[PDB]
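Notes to accompany the following structure.
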There are 2 protein chains.
Amino acid sequence: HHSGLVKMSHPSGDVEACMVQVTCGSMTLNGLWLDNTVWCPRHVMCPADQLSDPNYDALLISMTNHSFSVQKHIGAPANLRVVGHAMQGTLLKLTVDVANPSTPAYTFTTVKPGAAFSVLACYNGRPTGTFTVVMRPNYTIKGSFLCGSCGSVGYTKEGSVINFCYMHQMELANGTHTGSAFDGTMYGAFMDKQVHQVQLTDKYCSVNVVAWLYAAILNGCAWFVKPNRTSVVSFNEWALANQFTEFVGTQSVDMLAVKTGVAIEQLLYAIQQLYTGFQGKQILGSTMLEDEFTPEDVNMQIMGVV
Amino acid sequence: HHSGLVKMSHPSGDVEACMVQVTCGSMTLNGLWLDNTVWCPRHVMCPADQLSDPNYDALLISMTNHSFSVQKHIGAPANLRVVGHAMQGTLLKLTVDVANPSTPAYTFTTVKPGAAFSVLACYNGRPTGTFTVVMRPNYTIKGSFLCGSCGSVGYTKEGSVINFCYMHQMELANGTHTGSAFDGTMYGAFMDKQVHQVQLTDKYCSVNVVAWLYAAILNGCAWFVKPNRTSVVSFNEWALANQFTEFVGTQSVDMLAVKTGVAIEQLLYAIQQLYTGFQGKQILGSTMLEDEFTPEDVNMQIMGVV
Ligand SMILES: *[C@H](O)[C@H](C[C@@H]1CCNC1=O)NC(=O)[C@H](CC(C)C)NC(=O)OCCSc1ccccc1
Ligand SMILES: *[C@H](O)[C@H](C[C@@H]1CCNC1=O)NC(=O)[C@H](CC(C)C)NC(=O)OCCSc1ccccc1
């Protein structure tokens with residue numbers, strides 16, 4: 001039995017219409033054009049001989065409006081003249097002379113560990129792929145980004161409003177990725193410098209494992225459900241010693257409990273048992289715990305509830 | 001180490017601009033608007049009391065142009081007046097009075113087992129998600145489709161040309177999905193009738209397993225590579241008895257062999273060994289063979305080659 005779960009991204013068209021190419025000196029990457037503003041990573045200003053320890057304050061003062069070339073390629077093409085520039089954290093805010101006529105309704109938000117978002121991967125201002133990731137507990141994502149991908153954006157969508165939450169910046173030593181929020185902060189403890197950095201330990205996202213076990217029950221797979229129960233408090237004590245995030249319930253999880261008639265505490269017990277071993281059994285085609293699907297994914301994809 | 005692989009879909013904007021809602025009687029689903037033509041599943045004509053054994057020839061003759069209501073909701077809205085109608089296999093071709101001003105360059109093609117394509121899942125003519133699937137050897141896909149999803153489309157993209165290959169029709173007993181090609185044929189042996197149908201056995205897609213093992217080597221994971229080799233001919237004899245597709249090499253696979261210095265026949269031997277058991281070892285975080293990534297996915301996502 002197929003679970004009915006796929007990695008589901010938002011339709012990307014609203015965001016595709018906002019992507020541009022930004023060039024500064026010897027650097028080119030992507031930017032996001034909303035109203036009269038183009039956002040892009042500030043390391044587009046960095047010469048290759050400074051990438052390991054840039055002085056971004058001095059680089060910013062060294063730029064003029066002529067330092068930046070901004071072009072839109074796909075769809076309605078345009079060359080955008082930069083008329084102001086500013087730095088916010090690890091992002092540049094370029095002011096341009098033309099307002100994007102296809103600016104969607106949008107907000108800026110920060111995504112939290114365990115939450116999913118959609119990524120539009122772009123090179124030279126041209127969208128090339130879309131995928132969805134969950135923010136890991138160590139503030140990396142398991143993405144797919146190559147040279148030239150910086151400035152690619154991540155977002156969620158509520159109704160017609162696009163909530164931009166990620167601008168791609170870098171690849172870590174273990175092949176995961178991180179970037180900035182649109183307040184300019186890097187996710188986690190990372191810095192936008194090309195030097196090796198301490199990377200924190202990842203953890204299983206307990207609330208997403210619970211979601212996946214509910215997806216299994218919703219698919220008729222419940223061999224792991226027992227009368228036994230572990231309290232949230234007891235589970236969370238256990239989680240700290242076993243590389244799991246502490247569990248915090250949500251109405252999304254509560255809907256899954258009501259639909260299945262299986263209590264959260266039953267699944268917290270099952271996780272503890274499954275972590276010691278699946279004993280050769282499979283859950284939704286897997287012999288290990290899955291934490292890349294959220295309670296919202298399961299509600300939406302299986303239960304039809306948004 | 002993260003593999004650098006995600007489920008990567010095409011940007012969906014070009015196709016979003018083609019989706020419409022088609023209503024006929026008590027049925028509503030999605031259609032695809034290209035030039036002056038709207039394509040949709042023919043069971044939109046079926047009354048609920050005929051779904052198990054429709055007479056589609058008689059249903060078609062019973063329709064007039066007034067029988068169909070076609071509306072575009074998102075983006076540039078329009079109500080489209082139907083001025084002709086026709087049946088091609090399991091699809092209707094509605095001719096409308098307005099040509100889609102955002103018709104992309106496009107072709108129609110049929111996708112083959114093991115090949116990947118992008119799906120734009122739509123409800124009531126509104127795109128709601130995108131995901132990528134591989135056509136299974138039994139001509140189903142492991143999708144995520146609910147009531148109202150019929151007429152959702154699947155496609156590949158070469159350059160700027162969209163190759164439409166799938167229009168969603170139905171869900172099988174094991175939760176997988178199938179649909180039609182735009183020549184109107186159902187994939188596999190399926191019929192667009194709401195009756196239980198024999199479903200063929202699925203198989204591992206050997207060429208995609210080889211691709212994934214190459215992805216592992218490209219990530220520094222090669223413990224399973226041994227000097228031993230199995231010829232393509234010998235492997236394919238073995239595959240028929242062990243629920244694998246027969247392996248057919250491509251230039252995409254050959255590039256992976258050249259890049260890694262590991263021969264295809266070495267990986268065919270490794271597959272045979274891994275199928276008997278991983279012996280507690282992991283490959284790219286998995287204890288089972290992965291066949292949902294193509295040689296092209298690995299070339300593109302890891303090697304940067306399109
Ligand atoms: C921008 O397009 C690019 C994106 C990466 C290239 C390969 N895949 C990517 O995701 N970003 C960069 O090249 C980074 C620029 C810095 C922030 C100024 N540098 C980068 O990712 O270098 C990685 C090695 S340095 C490092 C090592 C370990 C932990 C942190 C940083
Ligand atoms: C169209 O929106 C809809 C899509 C499915 C609804 C639930 N998820 C879907 O993918 N398609 C239908 O409802 C089908 C209409 C037929 C083709 C006229 N019917 C359908 O999928 O019924 C499934 C039960 S009948 C069946 C059982 C086993 C094998 C084949 C068919």
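FYI, it's all coordinate maths here, none of it is from the lab. Neighbour counts run over all protein chains shown; Cβ positions are idealised from the backbone, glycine included.
Quick notes
- For B:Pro104, net neighbour charge (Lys/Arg +1, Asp/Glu -1) across residues whose Cβ lies under 10 Å away: 0
- Charge dipole magnitude, Cβ of K and R +1, D and E -1 - the protein assembly as shown, Cα centre, debye nearest 20: 180 debye
- For the rotation that carries chain B onto chain A, the axis lies closest to a Cβ at B:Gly13, 1, where the number is the distance in whole Å.
- Residue-averaged [θ]222 nm for chain A, counting only DSSP H segments that reach four residues, each worth -39500 (n - 2.57): -6000 deg cm²/dmol
- Note on the stretch B:85-207: antiparallel DSSP beta bridges, both residues inside, total approximately 90 percent of the bridges counted.
- Residues of type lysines that A:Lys259 reaches as a straight line, Cα spacing below 24 Å, ignoring anything fewer than 8 places off in the same chain: A:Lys7, A:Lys226, B:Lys142
- Of the trypsin sites (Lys or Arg not before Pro) in the stretch B:194-289, the ones in a loop by DSSP (not H, G, I, E or B) with at most 16 other beta carbons within 10 Å are B:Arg229, B:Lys281.
- For the pair the stretch A:39-90 and the stretch B:225-256, the centres of their Cα atoms are 49 angstrom apart.
- Of all the options B:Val98, B:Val233, B:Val119, the one that moves most in a Gaussian network model of chain B with Cα springs shorter than 10 angstrom is B:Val233.
- Size of electric dipole in the stretch B:1-148: Cβ of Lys, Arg +1 and of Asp, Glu -1, about Cα centre, debye, nearest 20: 360 debye
- When the Cα gyration tensor is reduced to axis lengths a ≥ b ≥ c, the ratio a/c stays below 1.5 for the protein assembly as shown, which is therefore classed as rounded.
- Folded to 0 to 90 degrees: helix B:206-218 orientation relative to chain B principal axis, Cα: 60 degrees
- Computed from phi, the 3J(HN,Hα) profile of the stretch B:236-244 under the Karplus parametrisation 6.51, -1.76, 1.60 (θ = phi - 60°) reads 5, 4, 4, 4, 5, 8, 10, 6, 10 Hz, with x in place of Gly and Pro.
- Average partner coverage of A:143-151, which counts Cβ from other chains inside 10 Å: 3
- 7 Å along Cα→Cβ, label-point gaps from A:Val305 to other copies, nm, shortest first: 4.8
- Centre-to-centre, using Cα atoms only, the stretch A:118-152 and the stretch B:275-306 are separated by 20 Å.
- Shielding by partners, peptide B:128-136 (average Cβ within 10 angstrom, other chains): 5
- Net charge contributed by nearby residues that have their C-beta within less than 14 Å of A:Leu51 (K/R +1, D/E -1): -2
- Rg/Rg_ref, the stretch B:74-203, where Rg_ref = 2.2 N^0.38 Å and atoms are Cα: 1.08
- For chain A, built as a Gaussian network whose Cα springs stay under 10 Å, the top-fluctuating residue of A:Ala48, A:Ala76, A:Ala17: A:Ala76
- Each copy carries a label point for B:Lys93 at 7 Å from Cα toward Cβ; from one copy, the others' points are 5.4 nm away, ordered from shortest.
- For chain A, a simple Cβ point-charge model (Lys and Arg +1, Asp and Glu -1, everything else neutral) yields a dipole of about 360 debye relative to the Cα centre.
- Selection from A:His66, B:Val82, B:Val306 lying farthest towards where the dipole of the protein assembly as shown points positive, charges on Cβ: B:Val306
- Peptide B:9-19, shielding by other chains (average Cβ, 10 Å cutoff): 6
- The stretch A:79-187: trypsin sites (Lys or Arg not before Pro) falling in loop per DSSP and having at most 16 other Cβ within 10 Å: A:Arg81
- Remark: label point of A:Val258 defined 7 Å out from Cα along the Cα-Cβ vector; separations to the same position in other copies 6.0 nm, ascending.
- Peptides A:37-44, B:145-152 ordered by average Cβ neighbours within 10 Å, highest first: A:37-44, B:145-152
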